[PDB]
Each structure stands twice: as C-alpha cells, then as structure tokens.
>>> print(open('protein26.cif').read())   # mmCIF, C-alpha atoms
data_run
loop_
_atom_site.group_PDB
_atom_site.id
_atom_site.type_symbol
_atom_site.label_atom_id
_atom_site.label_comp_id
_atom_site.auth_asym_id
_atom_site.auth_seq_id
_atom_site.Cartn_x
_atom_site.Cartn_y
_atom_site.Cartn_z
ATOM 1 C CA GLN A 33 72.199 120.950 144.641
ATOM 2 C CA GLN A 34 75.828 121.180 143.278
ATOM 3 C CA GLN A 35 77.035 123.816 140.764
ATOM 4 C CA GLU A 36 78.046 122.346 137.351
ATOM 5 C CA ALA A 37 81.523 123.016 135.846
ATOM 6 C CA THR A 38 82.841 123.304 132.271
ATOM 7 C CA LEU A 39 86.199 122.177 130.894
ATOM 8 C CA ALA A 40 87.334 124.051 127.800
ATOM 9 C CA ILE A 41 90.027 122.452 125.628
ATOM 10 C CA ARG A 42 91.502 124.517 122.781
ATOM 11 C CA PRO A 43 94.768 124.321 120.772
ATOM 12 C CA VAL A 44 97.351 126.933 121.934
ATOM 13 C CA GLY A 45 97.596 128.130 118.294
ATOM 14 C CA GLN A 46 97.336 127.230 114.643
ATOM 15 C CA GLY A 47 99.323 124.250 113.447
ATOM 16 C CA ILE A 48 97.730 122.266 116.322
ATOM 17 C CA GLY A 49 94.544 120.430 115.329
ATOM 18 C CA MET A 50 91.249 120.559 117.260
ATOM 19 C CA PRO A 51 91.260 118.244 120.347
ATOM 20 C CA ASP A 52 89.731 114.842 119.492
ATOM 21 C CA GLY A 53 86.637 114.182 121.655
ATOM 22 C CA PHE A 54 87.029 110.438 120.996
ATOM 23 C CA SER A 55 90.475 110.470 122.718
ATOM 24 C CA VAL A 56 89.252 112.779 125.462
ATOM 25 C CA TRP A 57 86.247 110.465 126.100
ATOM 26 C CA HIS A 58 88.634 107.442 126.240
ATOM 27 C CA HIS A 59 91.001 109.140 128.737
ATOM 28 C CA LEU A 60 88.148 110.204 131.053
ATOM 29 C CA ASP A 61 86.436 106.731 131.167
ATOM 30 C CA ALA A 62 89.927 105.038 131.521
ATOM 31 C CA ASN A 63 90.352 107.040 134.755
ATOM 32 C CA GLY A 64 86.700 106.551 135.826
ATOM 33 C CA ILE A 65 85.745 110.213 135.345
ATOM 34 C CA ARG A 66 82.066 110.833 134.552
ATOM 35 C CA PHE A 67 80.973 113.914 132.584
ATOM 36 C CA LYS A 68 77.496 115.370 131.891
ATOM 37 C CA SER A 69 78.119 116.176 128.145
ATOM 38 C CA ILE A 70 80.745 116.823 125.386
ATOM 39 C CA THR A 71 80.132 119.694 122.960
ATOM 40 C CA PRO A 72 82.434 119.902 119.889
ATOM 41 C CA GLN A 73 83.173 123.475 118.694
ATOM 42 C CA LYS A 74 84.825 124.977 115.570
ATOM 43 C CA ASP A 75 88.340 125.020 117.197
ATOM 44 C CA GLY A 76 87.835 123.360 120.544
ATOM 45 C CA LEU A 77 85.919 121.108 122.915
ATOM 46 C CA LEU A 78 83.603 121.831 125.884
ATOM 47 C CA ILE A 79 82.995 119.174 128.512
ATOM 48 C CA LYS A 80 80.380 119.683 131.242
ATOM 49 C CA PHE A 81 80.594 118.063 134.727
ATOM 50 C CA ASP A 82 77.970 117.813 137.491
ATOM 51 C CA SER A 83 80.645 119.284 139.882
ATOM 52 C CA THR A 84 83.901 121.318 139.955
ATOM 53 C CA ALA A 85 85.594 118.290 141.691
ATOM 54 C CA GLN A 86 85.013 116.035 138.621
ATOM 55 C CA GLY A 87 86.065 118.856 136.306
ATOM 56 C CA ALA A 88 89.342 119.323 138.259
ATOM 57 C CA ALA A 89 90.016 115.565 138.238
ATOM 58 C CA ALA A 90 89.430 115.615 134.442
ATOM 59 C CA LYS A 91 91.833 118.607 134.053
ATOM 60 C CA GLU A 92 94.797 116.802 135.767
ATOM 61 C CA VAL A 93 94.057 113.632 133.771
ATOM 62 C CA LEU A 94 93.753 115.422 130.384
ATOM 63 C CA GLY A 95 96.770 117.641 131.216
ATOM 64 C CA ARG A 96 98.949 114.499 131.359
ATOM 65 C CA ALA A 97 97.109 112.477 128.651
ATOM 66 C CA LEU A 98 96.602 115.066 125.895
ATOM 67 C CA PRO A 99 99.603 115.715 123.572
ATOM 68 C CA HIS A 100 101.465 119.096 123.723
ATOM 69 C CA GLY A 101 99.758 122.321 122.560
ATOM 70 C CA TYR A 102 96.411 122.313 124.401
ATOM 71 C CA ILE A 103 94.843 124.906 126.660
ATOM 72 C CA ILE A 104 92.748 123.141 129.331
ATOM 73 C CA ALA A 105 90.693 125.490 131.494
ATOM 74 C CA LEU A 106 88.079 124.806 134.191
ATOM 75 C CA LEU A 107 85.133 127.278 134.176
ATOM 76 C CA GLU A 108 82.008 128.141 136.235
ATOM 77 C CA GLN B 34 66.261 124.495 111.623
ATOM 78 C CA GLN B 35 64.541 122.868 114.650
ATOM 79 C CA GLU B 36 67.110 120.856 116.699
ATOM 80 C CA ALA B 37 66.828 117.045 116.878
ATOM 81 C CA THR B 38 67.798 114.493 119.525
ATOM 82 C CA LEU B 39 68.884 110.902 118.961
ATOM 83 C CA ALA B 40 68.206 108.621 121.932
ATOM 84 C CA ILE B 41 70.052 105.307 122.195
ATOM 85 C CA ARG B 42 68.905 102.870 124.899
ATOM 86 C CA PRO B 43 69.165 99.074 125.373
ATOM 87 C CA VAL B 44 65.867 97.275 124.546
ATOM 88 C CA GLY B 45 65.925 95.777 128.054
ATOM 89 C CA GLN B 46 67.473 95.105 131.446
ATOM 90 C CA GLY B 47 70.568 92.990 130.788
ATOM 91 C CA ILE B 48 71.906 94.557 127.548
ATOM 92 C CA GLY B 49 74.594 97.060 128.551
ATOM 93 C CA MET B 50 75.476 100.350 126.929
ATOM 94 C CA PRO B 51 78.286 100.375 124.253
ATOM 95 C CA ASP B 52 81.366 102.470 125.182
ATOM 96 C CA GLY B 53 80.154 106.018 124.484
ATOM 97 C CA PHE B 54 83.356 106.783 122.582
ATOM 98 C CA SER B 55 82.297 104.060 119.970
ATOM 99 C CA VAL B 56 79.228 106.125 119.029
ATOM 100 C CA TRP B 57 81.507 109.230 118.688
ATOM 101 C CA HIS B 58 83.856 107.090 116.449
ATOM 102 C CA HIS B 59 80.978 105.918 114.177
ATOM 103 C CA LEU B 60 79.599 109.443 113.732
ATOM 104 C CA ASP B 61 82.989 111.119 112.885
ATOM 105 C CA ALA B 62 83.937 108.112 110.636
ATOM 106 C CA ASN B 63 80.833 108.931 108.553
ATOM 107 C CA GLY B 64 81.356 112.710 108.794
ATOM 108 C CA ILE B 65 78.194 113.268 110.878
ATOM 109 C CA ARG B 66 78.284 116.607 112.683
ATOM 110 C CA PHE B 67 76.479 116.602 116.015
ATOM 111 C CA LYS B 68 75.880 119.499 118.434
ATOM 112 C CA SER B 69 76.543 117.443 121.675
ATOM 113 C CA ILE B 70 76.591 113.961 123.315
ATOM 114 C CA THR B 71 75.007 113.525 126.761
ATOM 115 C CA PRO B 72 75.700 110.176 128.494
ATOM 116 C CA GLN B 73 72.888 108.834 130.651
ATOM 117 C CA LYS B 74 72.815 106.049 133.278
ATOM 118 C CA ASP B 75 71.301 103.531 130.827
ATOM 119 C CA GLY B 76 71.539 105.465 127.587
ATOM 120 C CA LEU B 77 72.917 108.174 125.331
ATOM 121 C CA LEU B 78 71.459 111.406 123.915
ATOM 122 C CA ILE B 79 72.952 113.012 120.812
ATOM 123 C CA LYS B 80 71.791 116.506 119.750
ATOM 124 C CA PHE B 81 71.803 117.741 116.139
ATOM 125 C CA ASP B 82 71.279 121.182 114.652
ATOM 126 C CA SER B 83 68.662 119.534 112.309
ATOM 127 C CA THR B 84 66.394 116.474 111.824
ATOM 128 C CA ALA B 85 68.291 115.747 108.537
ATOM 129 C CA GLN B 86 71.601 115.178 110.407
ATOM 130 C CA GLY B 87 69.759 113.214 113.089
ATOM 131 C CA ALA B 88 68.201 110.929 110.433
ATOM 132 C CA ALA B 89 71.595 110.440 108.767
ATOM 133 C CA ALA B 90 73.062 109.527 112.222
ATOM 134 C CA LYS B 91 70.123 107.091 112.887
ATOM 135 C CA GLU B 92 70.825 105.179 109.622
ATOM 136 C CA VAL B 93 74.597 105.107 110.419
ATOM 137 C CA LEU B 94 74.156 104.000 114.075
ATOM 138 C CA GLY B 95 71.417 101.524 113.054
ATOM 139 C CA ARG B 96 74.013 99.690 110.905
ATOM 140 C CA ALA B 97 76.809 100.080 113.604
ATOM 141 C CA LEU B 98 74.395 98.653 116.257
ATOM 142 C CA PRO B 99 72.137 96.221 114.298
ATOM 143 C CA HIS B 100 70.774 94.434 117.465
ATOM 144 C CA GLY B 101 69.624 95.102 121.080
ATOM 145 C CA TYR B 102 69.352 98.919 120.896
ATOM 146 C CA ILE B 103 66.498 101.346 120.624
ATOM 147 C CA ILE B 104 67.608 104.249 118.367
ATOM 148 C CA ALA B 105 64.937 106.943 118.255
ATOM 149 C CA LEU B 106 64.899 110.374 116.673
ATOM 150 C CA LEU B 107 63.080 113.045 118.703
ATOM 151 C CA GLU B 108 62.366 116.577 117.500
ATOM 152 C CA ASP B 109 62.825 119.511 119.982
ATOM 153 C CA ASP B 110 59.826 121.931 120.404
#
>>> encode(input="protein26.cif", output="structure tokens")
Amino acid sequence: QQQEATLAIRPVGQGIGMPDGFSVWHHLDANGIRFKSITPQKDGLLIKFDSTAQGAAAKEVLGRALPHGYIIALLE
Amino acid sequence: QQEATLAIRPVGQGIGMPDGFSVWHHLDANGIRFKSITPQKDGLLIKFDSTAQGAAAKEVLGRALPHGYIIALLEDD
C-alpha cells in the first residue's frame, strides 16, 4: 500500500498565532482535499494524508490560502 | 490518564455527515481540548487525552447535534 505523509504548519515566529485548524479544514474541503487526521499542537498543526500527492496538493492550497507568517512543510 | 475516543456517526443510511469543521468549531467554542480528529467515510473520530474531556465533548456535541447522530464515548485499552 501507499506511504502516508504529514503536513506541519507552524508560525514563522512569535507575534503570529497558532494556525487555526477550523480554517485549514475549510480550505482543504473547499478544494476537495481529503486528509486522514488533524492533530493540534502547542504552537502548530499536524495534518496526516494517505499519500504524499494529497499532502503536496494541500501544501500549494494552504500556501496560497493561509495568511502570511506560516511555515508549511511536507514530511515522511 | 487513559485516552478516550468520541465516535460520531449518522443513525442510518440517508442522514449525511455534518461538515467536519463544524465539530471543530463547537469544540473550540466551548474550550474543549482534543488530541486529534480523524474523518471517516460515514463518520468522525475525536481522540482525547482523558475520558473527562471526552464526556465534556459528548455533552457539548449532543446539544450541537440534538438529532440523527450517534455520539458514543469509547475508552482506549
């Protein structure tokens, strides 16, 4: 089977608030992107995908949708 | 603290699933901290670090979704 992928969203620094998982959820479903799970963290958000393809599609969507000051990284 | 899972499913074939972001909205609006949300084909699983948080979320989601949904608290082994 396919290898799952993780999208990590963190603020670039202090002054920028934690990414809102409600907004992230909205932007992913608005673009028809399906994720496996969302895990809120102290200063960040982890989103799991069933594939790296979905993760990458979510990265280009959240890159444009999320306001300035967020680090969006795709992981294995 | 043994982890807890909240399972939300429609009572039957026909009833859809509410937009998953609405559940997120209702939990944060009531200051409920959850560990994770896992969307399923016909459902939703929410993990909690404890059964106390899970129970608080069940009461909150029970009032946000008063009809057509099975909300069940499950305790992890």
>>> atom_distance(input="protein26.cif", atom1="atom CA of residue 103 of chain A", atom2="atom CA of residue 40 of chain A")
7.6 Å
>>> interface_residues(input="protein26.cif", of="chain A", to="chain B", cutoff="9 Å", atoms="all atoms listed in the file", output="PDB file with C-alpha atoms, in the frame of the given file")
ATOM      1  CA  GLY A  53      86.637 114.182 121.655  1.00  0.00           C
ATOM      2  CA  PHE A  54      87.029 110.438 120.996  1.00  0.00           C
ATOM      3  CA  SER A  55      90.475 110.470 122.718  1.00  0.00           C
ATOM      4  CA  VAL A  56      89.252 112.779 125.462  1.00  0.00           C
ATOM      5  CA  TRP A  57      86.247 110.465 126.100  1.00  0.00           C
ATOM      6  CA  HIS A  58      88.634 107.442 126.240  1.00  0.00           C
ATOM      7  CA  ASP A  61      86.436 106.731 131.167  1.00  0.00           C
ATOM      8  CA  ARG A  66      82.066 110.833 134.552  1.00  0.00           C
ATOM      9  CA  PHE A  67      80.973 113.914 132.584  1.00  0.00           C
ATOM     10  CA  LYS A  68      77.496 115.370 131.891  1.00  0.00           C
ATOM     11  CA  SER A  69      78.119 116.176 128.145  1.00  0.00           C
ATOM     12  CA  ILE A  70      80.745 116.823 125.386  1.00  0.00           C
ATOM     13  CA  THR A  71      80.132 119.694 122.960  1.00  0.00           C
ATOM     14  CA  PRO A  72      82.434 119.902 119.889  1.00  0.00           C
ATOM     15  CA  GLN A  73      83.173 123.475 118.694  1.00  0.00           C
TER      16      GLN A  73
END
>>> resolve_selection(input="protein26.cif", expression="the PyMOL selection byres ((chain B and resi 90) around 10)", output="list in words")
residues 39, 56, 59, 60, 63, 64, 65, 66, 67, 79, 81, 84, 85, 86, 87, 88, 89, 91, 92, 93, 94, 95, 96, 104 and 106 of chain B
>>> resolve_selection(input="protein26.cif", expression="the PyMOL selection byres ((chain A and resi 90-102) around 6)", output="VMD selection string")
chain A and resid 42 to 44 87 to 89 103
>>> residues_around(input="protein26.cif", residues="residue 75 of chain B", least_positions_apart="2", cutoff="10 Å", atoms="all atoms listed in the file", output="PyMOL selection string")
chain B and resi 41-43+45-46+48-50+72-73+77
>>> atom_distance(input="protein26.cif", atom1="atom CA of residue 109 of chain B", atom2="atom CA of residue 79 of chain A")
21.9 Å
>>> atom_distance(input="protein26.cif", atom1="atom CA of residue 105 of chain B", atom2="atom CA of residue 82 of chain A")
25.7 Å
>>> resolve_selection(input="protein26.cif", expression="the PyMOL selection byres ((chain A and resi 34) around 9)", output="JSON list (two decimals) with C-alpha atoms, in the coordinates of the input")
[["chain", "number", "residue", "atom", "x", "y", "z"],
["A", 33, "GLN", "CA", 72.20, 120.95, 144.64],
["A", 35, "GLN", "CA", 77.04, 123.82, 140.76],
["A", 36, "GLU", "CA", 78.05, 122.35, 137.35],
["A", 82, "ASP", "CA", 77.97, 117.81, 137.49],
["A", 83, "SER", "CA", 80.64, 119.28, 139.88],
["A", 84, "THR", "CA", 83.90, 121.32, 139.96]]
>>> axis_aligned_box(input="protein26.cif", around="segment 46-56 of chain A", padding_each_side="5 Å", output="JSON")
{"center_x": 93.0, "center_y": 118.8, "center_z": 119.5, "size_x": 22.7, "size_y": 26.8, "size_z": 22.0}
>>> closest_residue(input="protein26.cif", among="B:44, B:98, B:37, B:62", to="residue 83 of chain B", atoms="all atoms listed in the file")
B:37
